[PDB]
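Residue numbers (the deposited numbering): 1 to 106. Built from N, CA and C at the ideal position, the CB exists for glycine as well.
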Amino acid sequence: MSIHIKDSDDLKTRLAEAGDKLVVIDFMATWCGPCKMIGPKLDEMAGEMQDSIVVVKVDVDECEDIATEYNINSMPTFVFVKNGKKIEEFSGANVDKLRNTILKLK
């Protein structure tokens with residue numbers, strides 16, 4: 001249902017390959033309680049938006065360098081990218097804001 005990011009180079013490639021589609025970078029972790037609650041909600045939205053959005057998951061334990069690159073200071077963090085450009089960011093397991101950001105940017 002989602003592309004799991006292997007490393008920094010993998011994320012950079014996914015962003016280039018996305019073309020004009022909105023990329024949602026889901027910064028999550030196995031130990032992140034709120035991530036596990038919002039994650040299935042994001043998958044469901046993505047399922048009904050295969051044509052317009054690409055969701056990529058960054059495990060902060062696996063990709064410590066990416067977490068520093070994106071200045072991850074709260075879990076979860078959602079970073080929105082379009083044509084390699086970072087448009088927006090927000091942190092917290094906020095479903096209403098997640099849906100709104102996706103709808104307005106896709």
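The secondary-structure analysis by DSSP pairs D26 across a beta bridge with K57, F78.
In the same chain as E89, and ignoring 5 residues on each side of it, the C-beta atoms closer than 6 Å to its own belong to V79, in chain order. For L22 against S52, the beta-carbon gap comes to about 6 Å, under 8 Å, which counts as contact. Looking at the backbone, the Cα of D20 and that of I38 are separated by about 25 Å.
Annotation for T30: no residue places its beta carbon closer than 6 Å to its own, counting only its chain and skipping 5 residues before and after.
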